[PDB]
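**Student:** Please see the structure below; I have some questions.
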Amino acid sequence: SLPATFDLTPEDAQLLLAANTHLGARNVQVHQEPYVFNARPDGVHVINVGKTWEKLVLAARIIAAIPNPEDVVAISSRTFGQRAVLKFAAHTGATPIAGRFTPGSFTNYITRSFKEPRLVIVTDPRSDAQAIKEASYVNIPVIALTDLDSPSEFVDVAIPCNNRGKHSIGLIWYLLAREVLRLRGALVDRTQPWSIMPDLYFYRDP
Amino acid sequence: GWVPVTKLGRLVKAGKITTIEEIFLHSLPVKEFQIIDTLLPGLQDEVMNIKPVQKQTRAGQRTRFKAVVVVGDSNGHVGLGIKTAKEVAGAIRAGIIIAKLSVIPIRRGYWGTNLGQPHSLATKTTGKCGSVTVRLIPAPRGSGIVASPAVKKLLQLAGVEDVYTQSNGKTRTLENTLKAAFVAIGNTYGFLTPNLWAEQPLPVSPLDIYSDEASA
Amino acid sequence: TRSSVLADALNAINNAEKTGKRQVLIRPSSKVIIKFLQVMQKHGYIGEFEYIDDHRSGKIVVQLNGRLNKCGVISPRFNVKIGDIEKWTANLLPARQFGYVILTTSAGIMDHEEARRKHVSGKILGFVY
Amino acid sequence: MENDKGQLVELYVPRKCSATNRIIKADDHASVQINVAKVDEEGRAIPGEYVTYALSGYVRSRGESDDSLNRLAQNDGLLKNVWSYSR
Amino acid sequence: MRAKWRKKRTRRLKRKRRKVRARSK
Amino acid sequence: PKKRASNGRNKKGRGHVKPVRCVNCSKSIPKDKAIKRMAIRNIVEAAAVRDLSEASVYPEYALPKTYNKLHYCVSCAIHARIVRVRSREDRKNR
Amino acid sequence: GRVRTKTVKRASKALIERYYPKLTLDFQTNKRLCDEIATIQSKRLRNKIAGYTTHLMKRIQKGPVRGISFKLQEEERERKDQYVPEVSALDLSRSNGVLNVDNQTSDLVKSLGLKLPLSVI
RNA sequence: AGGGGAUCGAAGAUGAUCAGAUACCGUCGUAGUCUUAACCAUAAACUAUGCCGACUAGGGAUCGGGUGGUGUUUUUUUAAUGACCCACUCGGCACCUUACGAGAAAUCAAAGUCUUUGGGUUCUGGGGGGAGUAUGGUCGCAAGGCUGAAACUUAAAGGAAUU
């Protein structure tokens with residue numbers, strides 16, 4: 001059970017809605033995501049922010065369940081959420097796999113880039129399909145920040161979120177680094193606001 | 001000298017892992033031939049034959065040796081591998097290193113009378129590789145392993161003392177036959193028998209409890 | 001056209017098993033398949049199944065628990081003596097420990113194991129394993 | 001499985017996949033093990049004991065591995081209102 | 001060598017032998 | 001063996017189409033089998049527009065455009081280098 | 001044909017990962033320094049290998065490049081990871097403290113969290 | 001057997017080219033290409049994939065039809081029509097990504113539900129040549145069509161990918 005304090009408070013709803021994490025893709029939609037709730041008549045689909053937050057801590061609960069807080073890794077092949085992962089890699093341990101992913105880090109034990117994780121997070125499954133595919137041969141759970149137009153194969157934790165937006169990807173990465181620190185107990189009180197801002201996770205145009 | 005680089009190498013070197021059934025049960029990714037030999041010292045090597053292969057090119061041929069080697073103790077652990085090399089010694093020494101890497105357990109039972117130790121397979125099993133499929137039929141006691149000479153000695157070291165074998169297709173392709181049997185013997189554990197029908201608690205992986213004896 | 005209602009129905013749950021379905025909709029809705037699942041559920045081989053009744057044939061919905069592998073029906077309903085019950089067990093099912101040759105007699109529908117206990121041979125329906 | 005004497009022959013009784021009860025092969029290198037911590041009143045995650053979640057690689061192939069994880073968390077009481085049994 | 005040429009040679013043969021048979025029978 | 005999913009050229013559910021004649025070698029090619037390339041080049045040659053403009057009645061504003069469709073056989077297509085053999089990976093590109 | 005080969009390229013990146021404050025931006029001071037810590041048995045070869053690393057100090061002065069890790073790139077990486085914007089926190093800001101949302105959005109708010117700021121445009 | 005008979009055009013007459021060209025290249029040019037009444041029953045007549053019936057991963061576009069949404073237009077904004085948009089559905093020609101599945105692969109949502117072999121039914125083949133030939137019947141004015149071998153000979157032919 002849960003203490004019921006994990007509801008979507010107005011402040012958490014304010015930053016989620018102002019960051020446009022609810023808008024979806026066009027009429028194209030994969031029937032494996034029943035999380036959709038109506039759509040704009042122009043063609044923009046709408047997702048339920050309640051389910052995104054709900055299944056966020058589910059991803060968080062499985063991320064922090066791993067004892068060692070350094071085996072966790074994240075993939076960001078697309079340059080759009082580049083500096084977001086280093087913030088994850090700087091707050092609660094972990095080793096950055098930011099930028100380019102070496103094809104063989106999972107299987108081959110001779111290459112200098114050989115890690116072994118127990119749980120992986122990715123941003124766009126379409127953009128880094130190599131990461132999930134290669135990881136499938138070493139039987140490791142994965143986490144994906146999918147969108148209603150993205151495939152959801154070989155993934156046991158798929159975060160519904162907007163992939164085309166600075167305000168969305170930076171905020172969702174910031175959140176999933178927040179309660180994991182809270183669940184680990186490094187923030188003590190859950191009601192105390194964090195002193196770090198998602199705009200740090202944001203990527204500057206220059 | 002070993003100085004293992006992978007995680008599973010450290011646990012066995014520390015003595016935490018005793019028998020091979022733990023790795024088979026949990027199906028951890030293992031590609032290091034050190035563990036298999038240390039876990040089961042009594043492994044015997046056998047090679048069917050060598051089929052030469054040459055690379056046609058601008059001029060001449062540079063034939064290699066393709067050696068198929070199977071290694072397995074006659075108590076329930078066997079493994080198969082195929083490798084190509086220029087010289088015979090390298091090909092056979094690489095065939096064992098991959099066949100031992102691919103050791104697969106086999107489920108032993110009876111044709112069914114339920115008095116003594118297991119003798120044969122519980123169910124009929126097959127696996128199609130290439131264009132040939134092999135069948136393994138449970139057999140009354142004393143029948144023996146009736147099969148092709150290459151397959152029958154493969155099943156001789158499998159631990160099963162008797163089995164009825166059916167073959168289809170061009171059995172002359174030897175390398176296709178064992179891999180069809182190799183996937184067949186692994187498939188044998190994929191049959192849901194009415195005996196393994198109660199639900200059991202899922203065990204914790206030994207890597208998590210022994211986490212401090214891993215890496216660094 | 002529809003020839004064997006049991007054959008068309010049974011293939012769907014087998015296809016349902018192949019994709020891992022815990023539920024599948026079957027709709028020839030006859031008696032000969034109704035007693036097919038009565039004996040089938042007797043040995044706890046599937047879960048709890050549902051029969052939908054209406055002014056027409058009806059619909060079958062079965063909640064299957066994922067514990068089966070392959071089920072089939074033998075078409076031409078062969079005439080089987082007592083001396084061929086053991087013959088059919090060898091070439092169709094993995095062993096005599098398990099696998100039930102479902103077959104009907106003048107007394108009803110019931111598997112092969114208790115049938116030889118009856119010492120009466122009837123009409124072969126299929127095989128469950 | 002048992003002989004007449006009493007000893008239980010044959011080793012490594014394989015695990016059962018949590019979602020759908022299929023046999024996980026030793027060579028099947030796609031089966032994932034999921035361990036979830038437990039909360040004790042104060043919200044702190046106690047270590048040492050986990051609920052065990054064994055999922056076969058057959059589930060993950062179709063991408064419904066996320067779908068299957070819902071009901072066993074929902075049925076165990078870990079989740080509240082995510083997946084509705086009636087679509 | 002092509003198939004219709006086989007067929008044309010064979011048909012020519014049938015015509016000559018049919019003429020021969022008609023001259024005889 | 002078979003080379004294309006649409007075997008000859010998108011002849012599916014039809015069975016027969018009225019053949020046409022090529023414009024270079026006059027080969028009887030089916031309507032959908034013959035490649036059609038638009039010829040939307042202007043009635044005047046490349047550039048040189050002002051040369052006619054200085055000797056043009058009215059303030060020009062004519063700009064005539066010639067449109068034509070070209071029917072090519074397979075043999076002439078390869079010879080004209082308009083369509084070239086593509087790789088197996090490339091062949092599934094429209 | 002001034003393009004370098006593999007052996008100089010792979011060797012060049014071996015120095016800076018632990019010899020950042022010794023590879024001075026002047027060629028003359030480090031053209032012989034490499035010999036003291038890199039055993040090179042050719043007078044000709046030791047010149048271009050020193051030249052290539054000296055070439056990268058020129059560009060690395062301007063900015064970073066790919067896959068080098070000279071023990072201070074992470075130092076600026078662990079410095080440029082706490083930008084901590086002060087007031088533009090994308091919450092209680094960027095508007096009049098109220099979301100600028102759509103009419104259909106109101107249904108999502110009133111589903112479970114109706115007690116929240118709202119302004120449908 | 002007639003009508004018709006402009007182009008093209010088996011035959012042919014010709015001009016090149018080639019050592020040879022009665023072929024490829026150019027010009028005439030008969031039958032024919034058009035139609036009427038009657039035969040001819042053949043093809044790469046191919047989706048080289050028989051028909052009937054159920055199930056099985058998804059996405060968009062497209063033909064016909066229907067349903068609903070003060071939907072946007074179209075007059076005498078408006079009543080209806082008509083064109084569209086959105087959402088759904090049936091029957092379609094079918095596409096695009098994958099493979100739990102099959103296949104020897106080329107690949108296939110059928111070539112899947114075939115060794116875990118069985119939904120029902122019709123037809124075809126048992127190495128390649130001889131040969132779709134001989135002969136015997138049978139339809140046809142004929143050219144030809146249907147059925148259809150044997151003797152003899154060979155250890156290789158054939159299908160899929162690779163350097």
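Ordering of the structure tokens sets the chain letters (A, B, ...), residue numbers begin anew at 1 in every chain, and ligands are numbered from 1 in the order given.
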Could you list, with a cut-off of 9 Å and counting only C-alpha atoms (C1' of nucleotides), the residues of chain D near chain H, each shown with its nearest atom pair and the distance in Å rounded to one decimal, rows sorted by chain and ascending number, as a Markdown table?
**Tutor:**
| residue | atom | partner | partner_atom | distance |
| --- | --- | --- | --- | --- |
| D:58 | CA | H:100 | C1' | 8.0 |
| D:61 | CA | H:100 | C1' | 8.0 |
| D:62 | CA | H:57 | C1' | 7.7 |
**Student:** Based on only C-alpha atoms (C1' of nucleotides), which of the residues in chain H come within 12 Å of chain A? I want them as a VMD selection string.
**Tutor:** chain H and resid 57 to 60 69 71 85 to 87 97 to 98
**Student:** Store the residues picked out above in a file with N, CA and C atoms (P, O5', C5', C4', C3', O3' and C1' of nucleotides), as a PDB file, in the first residue's frame.
**Tutor:**
ATOM      1  P     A H  57      -3.801 -10.601 -33.770  1.00  0.00           P
ATOM      2  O5'   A H  57      -2.257 -10.534 -34.151  1.00  0.00           O
ATOM      3  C5'   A H  57      -1.263 -10.780 -33.170  1.00  0.00           C
ATOM      4  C4'   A H  57      -0.422  -9.553 -32.940  1.00  0.00           C
ATOM      5  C3'   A H  57      -1.070  -8.239 -33.344  1.00  0.00           C
ATOM      6  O3'   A H  57      -1.952  -7.740 -32.353  1.00  0.00           O
ATOM      7  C1'   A H  57       1.131  -8.333 -34.202  1.00  0.00           C
ATOM      8  P     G H  58      -3.125  -6.721 -32.754  1.00  0.00           P
ATOM      9  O5'   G H  58      -2.427  -5.294 -32.668  1.00  0.00           O
ATOM     10  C5'   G H  58      -2.698  -4.292 -33.632  1.00  0.00           C
ATOM     11  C4'   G H  58      -1.451  -3.522 -33.984  1.00  0.00           C
ATOM     12  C3'   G H  58      -1.640  -2.358 -34.941  1.00  0.00           C
ATOM     13  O3'   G H  58      -2.101  -1.192 -34.284  1.00  0.00           O
ATOM     14  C1'   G H  58       0.214  -3.659 -35.628  1.00  0.00           C
ATOM     15  P     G H  59      -3.263  -0.297 -34.939  1.00  0.00           P
ATOM     16  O5'   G H  59      -2.493   0.599 -36.004  1.00  0.00           O
ATOM     17  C5'   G H  59      -1.455   1.480 -35.601  1.00  0.00           C
ATOM     18  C4'   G H  59      -0.879   2.210 -36.786  1.00  0.00           C
ATOM     19  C3'   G H  59      -1.898   2.688 -37.809  1.00  0.00           C
ATOM     20  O3'   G H  59      -2.491   3.923 -37.450  1.00  0.00           O
ATOM     21  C1'   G H  59      -0.144   1.558 -38.918  1.00  0.00           C
ATOM     22  P     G H  60      -3.971   4.291 -37.952  1.00  0.00           P
ATOM     23  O5'   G H  60      -3.733   4.982 -39.367  1.00  0.00           O
ATOM     24  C5'   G H  60      -2.856   6.092 -39.496  1.00  0.00           C
ATOM     25  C4'   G H  60      -2.311   6.206 -40.896  1.00  0.00           C
ATOM     26  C3'   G H  60      -3.344   6.333 -42.004  1.00  0.00           C
ATOM     27  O3'   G H  60      -3.832   7.655 -42.156  1.00  0.00           O
ATOM     28  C1'   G H  60      -1.758   4.695 -42.604  1.00  0.00           C
ATOM     29  P     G H  69     -26.135  13.568 -34.776  1.00  0.00           P
ATOM     30  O5'   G H  69     -24.739  14.242 -34.406  1.00  0.00           O
ATOM     31  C5'   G H  69     -24.248  14.224 -33.073  1.00  0.00           C
ATOM     32  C4'   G H  69     -22.783  14.577 -33.018  1.00  0.00           C
ATOM     33  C3'   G H  69     -22.415  15.974 -33.499  1.00  0.00           C
ATOM     34  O3'   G H  69     -22.588  16.941 -32.475  1.00  0.00           O
ATOM     35  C1'   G H  69     -20.939  14.373 -34.452  1.00  0.00           C
ATOM     36  P     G H  71     -22.974  20.266 -37.112  1.00  0.00           P
ATOM     37  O5'   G H  71     -21.688  20.138 -36.178  1.00  0.00           O
ATOM     38  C5'   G H  71     -20.999  21.287 -35.700  1.00  0.00           C
ATOM     39  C4'   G H  71     -19.585  21.338 -36.222  1.00  0.00           C
ATOM     40  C3'   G H  71     -19.408  22.029 -37.566  1.00  0.00           C
ATOM     41  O3'   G H  71     -19.292  23.435 -37.443  1.00  0.00           O
ATOM     42  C1'   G H  71     -18.317  19.938 -37.612  1.00  0.00           C
ATOM     43  P     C H  85     -12.072  14.235 -46.320  1.00  0.00           P
ATOM     44  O5'   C H  85     -12.108  14.931 -44.889  1.00  0.00           O
ATOM     45  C5'   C H  85     -11.447  16.167 -44.660  1.00  0.00           C
ATOM     46  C4'   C H  85     -11.657  16.634 -43.245  1.00  0.00           C
ATOM     47  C3'   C H  85     -11.682  15.533 -42.198  1.00  0.00           C
ATOM     48  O3'   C H  85     -10.383  15.140 -41.793  1.00  0.00           O
ATOM     49  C1'   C H  85     -13.522  16.982 -41.867  1.00  0.00           C
ATOM     50  P     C H  86     -10.075  13.606 -41.433  1.00  0.00           P
ATOM     51  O5'   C H  86     -10.743  13.414 -40.001  1.00  0.00           O
ATOM     52  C5'   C H  86     -10.427  14.287 -38.928  1.00  0.00           C
ATOM     53  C4'   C H  86     -11.397  14.126 -37.787  1.00  0.00           C
ATOM     54  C3'   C H  86     -11.718  12.695 -37.396  1.00  0.00           C
ATOM     55  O3'   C H  86     -10.711  12.114 -36.589  1.00  0.00           O
ATOM     56  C1'   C H  86     -13.720  13.947 -37.527  1.00  0.00           C
ATOM     57  P     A H  87     -10.147  10.652 -36.939  1.00  0.00           P
ATOM     58  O5'   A H  87     -11.203   9.675 -36.261  1.00  0.00           O
ATOM     59  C5'   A H  87     -11.551   9.829 -34.895  1.00  0.00           C
ATOM     60  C4'   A H  87     -12.784   9.037 -34.547  1.00  0.00           C
ATOM     61  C3'   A H  87     -12.936   7.700 -35.250  1.00  0.00           C
ATOM     62  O3'   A H  87     -12.136   6.678 -34.686  1.00  0.00           O
ATOM     63  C1'   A H  87     -14.990   8.856 -35.310  1.00  0.00           C
ATOM     64  P     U H  97       8.642  -1.998 -45.396  1.00  0.00           P
ATOM     65  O5'   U H  97       8.680  -2.159 -43.814  1.00  0.00           O
ATOM     66  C5'   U H  97       9.178  -1.117 -42.987  1.00  0.00           C
ATOM     67  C4'   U H  97       8.996  -1.443 -41.526  1.00  0.00           C
ATOM     68  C3'   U H  97       9.361  -2.860 -41.116  1.00  0.00           C
ATOM     69  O3'   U H  97      10.753  -3.017 -40.903  1.00  0.00           O
ATOM     70  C1'   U H  97       7.264  -2.269 -40.180  1.00  0.00           C
ATOM     71  P     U H  98      11.376  -4.466 -40.605  1.00  0.00           P
ATOM     72  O5'   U H  98      11.104  -4.690 -39.051  1.00  0.00           O
ATOM     73  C5'   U H  98      11.451  -5.913 -38.423  1.00  0.00           C
ATOM     74  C4'   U H  98      10.356  -6.400 -37.509  1.00  0.00           C
ATOM     75  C3'   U H  98      10.129  -7.903 -37.510  1.00  0.00           C
ATOM     76  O3'   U H  98      11.041  -8.583 -36.668  1.00  0.00           O
ATOM     77  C1'   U H  98       8.049  -6.784 -37.698  1.00  0.00           C
TER      78        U H  98
END
**Student:** Determine the nearest neighbour of chain B from the options A:140, A:44, A:75, A:49, counting only C-alpha atoms.
**Tutor:**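 Of the candidates, the smallest distance to chain B is held by A:140.
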**Student:** Just checking: using only C-alpha atoms, which residue out of B:184, B:136, B:216, B:207 ends up closest to chain C?
**Tutor:**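 When distances to chain C are compared using only C-alpha atoms, the smallest one comes from B:136.
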**Student:** So how many Å separate CA of residue 31 in chain F and CA of residue 70 in chain F, to one decimal?
**Tutor:**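 Computing the Euclidean distance for CA of residue 31 in chain F and CA of residue 70 in chain F yields 11.7 Å.
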**Student:** For a quick test of understanding: name the residues of chain H lying within 12 Å of chain E when counting only C-alpha atoms (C1' of nucleotides), and present them as a PyMOL selection string.
**Tutor:** chain H and resi 131-134+143-144
**Student:** Please give the complete set of residues from range 54-203 of chain A that DSSP, run on the backbone, assigns to alpha helix (DSSP H), formatted as a compact mmCIF listing (two decimals) with N, CA, C and O atoms, in the first residue's frame.
**Tutor:**
# COMPACT_ATOMS: atom_id res chain seq x y z
N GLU A 54 1.29 8.60 -11.97
CA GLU A 54 1.09 7.35 -11.25
C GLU A 54 2.16 6.33 -11.63
O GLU A 54 2.83 5.76 -10.77
N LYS A 55 2.35 6.12 -12.93
CA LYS A 55 3.31 5.11 -13.36
C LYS A 55 4.74 5.64 -13.31
O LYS A 55 5.69 4.88 -13.55
N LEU A 56 4.92 6.94 -13.01
CA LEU A 56 6.25 7.49 -12.79
C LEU A 56 6.89 6.89 -11.54
O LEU A 56 8.04 6.43 -11.58
N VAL A 57 6.17 6.90 -10.42
CA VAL A 57 6.72 6.35 -9.18
C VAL A 57 6.87 4.84 -9.29
O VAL A 57 7.77 4.25 -8.68
N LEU A 58 6.01 4.19 -10.07
CA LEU A 58 6.19 2.76 -10.35
C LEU A 58 7.55 2.51 -10.99
O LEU A 58 8.25 1.56 -10.62
N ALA A 59 7.93 3.34 -11.96
CA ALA A 59 9.28 3.28 -12.50
C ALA A 59 10.30 3.66 -11.43
O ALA A 59 11.37 3.05 -11.34
N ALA A 60 9.98 4.68 -10.62
CA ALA A 60 10.89 5.09 -9.55
C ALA A 60 11.04 3.99 -8.50
O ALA A 60 12.14 3.76 -7.99
N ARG A 61 9.93 3.32 -8.15
CA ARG A 61 9.99 2.28 -7.13
C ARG A 61 10.85 1.11 -7.58
O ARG A 61 11.48 0.44 -6.76
N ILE A 62 10.89 0.84 -8.89
CA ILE A 62 11.72 -0.25 -9.39
C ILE A 62 13.16 0.22 -9.60
O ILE A 62 14.08 -0.60 -9.58
N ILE A 63 13.37 1.52 -9.81
CA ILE A 63 14.73 2.03 -9.99
C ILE A 63 15.49 2.00 -8.67
O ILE A 63 16.63 1.53 -8.60
N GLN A 82 20.60 15.61 -23.82
CA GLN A 82 21.99 15.25 -23.51
C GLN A 82 22.36 15.55 -22.07
O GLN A 82 22.68 14.64 -21.30
N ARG A 83 22.34 16.83 -21.68
CA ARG A 83 22.80 17.21 -20.35
C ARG A 83 21.84 16.78 -19.25
O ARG A 83 22.19 16.90 -18.07
N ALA A 84 20.65 16.30 -19.60
CA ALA A 84 19.71 15.84 -18.58
C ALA A 84 20.27 14.64 -17.81
O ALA A 84 20.15 14.57 -16.58
N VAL A 85 20.88 13.69 -18.52
CA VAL A 85 21.31 12.45 -17.88
C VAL A 85 22.51 12.66 -16.96
O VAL A 85 22.63 11.98 -15.93
N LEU A 86 23.41 13.60 -17.29
CA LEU A 86 24.54 13.87 -16.41
C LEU A 86 24.07 14.37 -15.05
O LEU A 86 24.72 14.11 -14.03
N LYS A 87 22.95 15.10 -15.02
CA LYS A 87 22.37 15.49 -13.74
C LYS A 87 21.93 14.27 -12.94
O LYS A 87 22.13 14.21 -11.72
N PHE A 88 21.33 13.28 -13.61
CA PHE A 88 21.06 12.00 -12.97
C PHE A 88 22.38 11.35 -12.54
O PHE A 88 22.50 10.84 -11.42
N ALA A 89 23.38 11.39 -13.42
CA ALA A 89 24.68 10.79 -13.13
C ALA A 89 25.47 11.55 -12.07
O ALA A 89 26.51 11.04 -11.63
N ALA A 90 25.03 12.74 -11.67
CA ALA A 90 25.74 13.52 -10.67
C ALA A 90 25.06 13.55 -9.31
O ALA A 90 25.73 13.82 -8.30
N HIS A 91 23.76 13.28 -9.25
CA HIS A 91 23.03 13.38 -7.99
C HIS A 91 23.05 12.08 -7.20
O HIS A 91 23.42 12.07 -6.02
N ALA A 129 16.87 2.35 -30.66
CA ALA A 129 16.40 0.97 -30.69
C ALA A 129 17.55 -0.02 -30.55
O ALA A 129 17.32 -1.18 -30.21
N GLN A 130 18.78 0.43 -30.81
CA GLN A 130 19.94 -0.44 -30.62
C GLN A 130 20.13 -0.79 -29.15
O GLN A 130 20.51 -1.92 -28.82
N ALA A 131 19.87 0.16 -28.25
CA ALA A 131 20.10 -0.07 -26.83
C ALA A 131 19.18 -1.16 -26.28
O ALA A 131 19.63 -2.08 -25.59
N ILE A 132 17.88 -1.08 -26.58
CA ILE A 132 16.95 -2.08 -26.09
C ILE A 132 17.19 -3.43 -26.77
O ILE A 132 17.13 -4.48 -26.12
N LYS A 133 17.46 -3.41 -28.07
CA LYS A 133 17.67 -4.66 -28.80
C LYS A 133 18.90 -5.40 -28.28
O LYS A 133 18.85 -6.61 -28.03
N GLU A 134 20.02 -4.69 -28.11
CA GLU A 134 21.23 -5.33 -27.61
C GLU A 134 21.05 -5.82 -26.18
O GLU A 134 21.53 -6.89 -25.81
N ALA A 135 20.35 -5.03 -25.36
CA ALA A 135 20.11 -5.42 -23.97
C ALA A 135 19.19 -6.63 -23.85
O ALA A 135 19.18 -7.27 -22.79
N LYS A 166 11.23 20.72 -25.11
CA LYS A 166 12.23 20.94 -24.07
C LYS A 166 11.61 20.93 -22.69
O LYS A 166 12.18 20.38 -21.74
N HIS A 167 10.42 21.53 -22.55
CA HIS A 167 9.79 21.63 -21.25
C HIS A 167 9.35 20.26 -20.74
O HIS A 167 9.31 20.03 -19.53
N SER A 168 9.03 19.34 -21.65
CA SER A 168 8.50 18.04 -21.25
C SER A 168 9.62 17.08 -20.85
O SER A 168 9.60 16.53 -19.75
N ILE A 169 10.59 16.86 -21.74
CA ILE A 169 11.63 15.87 -21.49
C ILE A 169 12.49 16.29 -20.30
O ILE A 169 12.84 15.47 -19.44
N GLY A 170 12.84 17.57 -20.23
CA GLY A 170 13.64 18.04 -19.11
C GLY A 170 12.92 17.92 -17.78
O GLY A 170 13.54 17.61 -16.76
N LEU A 171 11.61 18.16 -17.78
CA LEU A 171 10.85 18.08 -16.53
C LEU A 171 10.66 16.63 -16.10
O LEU A 171 10.82 16.31 -14.92
N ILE A 172 10.32 15.75 -17.04
CA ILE A 172 10.07 14.35 -16.69
C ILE A 172 11.35 13.68 -16.21
O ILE A 172 11.31 12.83 -15.31
N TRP A 173 12.50 14.04 -16.78
CA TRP A 173 13.77 13.52 -16.29
C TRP A 173 14.04 14.03 -14.88
O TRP A 173 14.52 13.29 -14.01
N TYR A 174 13.74 15.31 -14.65
CA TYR A 174 13.94 15.92 -13.33
C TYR A 174 13.08 15.25 -12.28
O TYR A 174 13.53 15.02 -11.15
N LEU A 175 11.82 14.95 -12.61
CA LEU A 175 10.94 14.28 -11.66
C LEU A 175 11.47 12.90 -11.30
O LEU A 175 11.65 12.59 -10.12
N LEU A 176 11.77 12.07 -12.30
CA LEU A 176 12.19 10.71 -12.01
C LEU A 176 13.52 10.66 -11.27
O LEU A 176 13.89 9.61 -10.74
N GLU A 179 11.90 11.76 -6.79
CA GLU A 179 11.35 10.88 -5.76
C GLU A 179 12.27 9.69 -5.50
O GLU A 179 12.25 9.12 -4.40
N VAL A 180 13.09 9.30 -6.48
CA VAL A 180 14.07 8.25 -6.23
C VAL A 180 15.04 8.70 -5.14
O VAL A 180 15.44 7.90 -4.28
N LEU A 181 15.44 9.97 -5.16
CA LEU A 181 16.20 10.53 -4.05
C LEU A 181 15.34 10.64 -2.80
O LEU A 181 15.81 10.39 -1.69
N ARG A 182 14.07 11.01 -2.97
CA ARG A 182 13.14 11.04 -1.84
C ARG A 182 12.87 9.64 -1.30
O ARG A 182 12.86 9.43 -0.08
N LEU A 183 12.65 8.67 -2.20
CA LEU A 183 12.39 7.31 -1.75
C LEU A 183 13.63 6.71 -1.10
O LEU A 183 13.52 5.95 -0.12
N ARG A 184 14.82 7.04 -1.61
CA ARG A 184 16.06 6.62 -0.96
C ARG A 184 16.23 7.27 0.41
O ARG A 184 17.00 6.75 1.23
**Student:** Could you list the residues in chain A lying within 6 Å of chain D, using only C-alpha atoms, and format the result as a list in words?
**Tutor:**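 The complete set of qualifying residues is residues 1, 62, 65, 136, 137, 139, 140, 152, 153, 154, 155, 156 and 157 of chain A.
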**Student:** Put those residues in a file: N, CA and C atoms, as an mmCIF file, in the first residue's frame.
**Tutor:**
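Written out: selection-v5.cif:
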data_model
loop_
_atom_site.group_PDB
_atom_site.id
_atom_site.type_symbol
_atom_site.label_atom_id
_atom_site.label_comp_id
_atom_site.auth_asym_id
_atom_site.auth_seq_id
_atom_site.Cartn_x
_atom_site.Cartn_y
_atom_site.Cartn_z
ATOM 1 N N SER A 1 0.825 -1.202 0.000
ATOM 2 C CA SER A 1 0.000 0.000 0.000
ATOM 3 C C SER A 1 0.862 1.256 0.000
ATOM 4 N N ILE A 62 10.887 0.845 -8.892
ATOM 5 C CA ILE A 62 11.718 -0.246 -9.389
ATOM 6 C C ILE A 62 13.157 0.215 -9.603
ATOM 7 N N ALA A 65 14.771 0.235 -6.051
ATOM 8 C CA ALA A 65 14.787 -1.081 -5.426
ATOM 9 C C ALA A 65 16.129 -1.781 -5.591
ATOM 10 N N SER A 136 18.428 -6.952 -24.891
ATOM 11 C CA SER A 136 17.491 -8.067 -24.819
ATOM 12 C C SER A 136 18.188 -9.418 -24.722
ATOM 13 N N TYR A 137 19.464 -9.501 -25.094
ATOM 14 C CA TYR A 137 20.207 -10.752 -25.041
ATOM 15 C C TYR A 137 20.909 -10.976 -23.708
ATOM 16 N N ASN A 139 19.076 -10.253 -20.781
ATOM 17 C CA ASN A 139 17.898 -10.373 -19.913
ATOM 18 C C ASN A 139 17.930 -9.354 -18.768
ATOM 19 N N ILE A 140 17.829 -8.086 -19.153
ATOM 20 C CA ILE A 140 17.877 -6.966 -18.223
ATOM 21 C C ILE A 140 16.597 -6.156 -18.387
ATOM 22 N N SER A 152 6.319 -0.026 -28.322
ATOM 23 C CA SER A 152 6.468 -0.408 -26.921
ATOM 24 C C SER A 152 6.858 -1.875 -26.803
ATOM 25 N N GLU A 153 7.868 -2.293 -27.562
ATOM 26 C CA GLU A 153 8.310 -3.680 -27.570
ATOM 27 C C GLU A 153 9.550 -3.850 -26.699
ATOM 28 N N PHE A 154 9.668 -5.035 -26.093
ATOM 29 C CA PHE A 154 10.819 -5.395 -25.260
ATOM 30 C C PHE A 154 11.045 -4.384 -24.138
ATOM 31 N N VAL A 155 9.956 -3.869 -23.575
ATOM 32 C CA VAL A 155 10.016 -2.901 -22.488
ATOM 33 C C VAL A 155 8.972 -3.274 -21.445
ATOM 34 N N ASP A 156 9.393 -3.349 -20.181
ATOM 35 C CA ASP A 156 8.484 -3.645 -19.085
ATOM 36 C C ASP A 156 8.087 -2.420 -18.276
ATOM 37 N N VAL A 157 8.692 -1.261 -18.534
ATOM 38 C CA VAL A 157 8.312 -0.005 -17.895
ATOM 39 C C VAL A 157 8.389 1.072 -18.972
#
**Student:** Residues within 6 Å of range 116-123 of chain A, please, as number ranges by chain. Count only C-alpha atoms (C1' of nucleotides); anything in the same chain fewer than 6 positions from it doesn't count.
**Tutor:** A: 71-75, 140-145
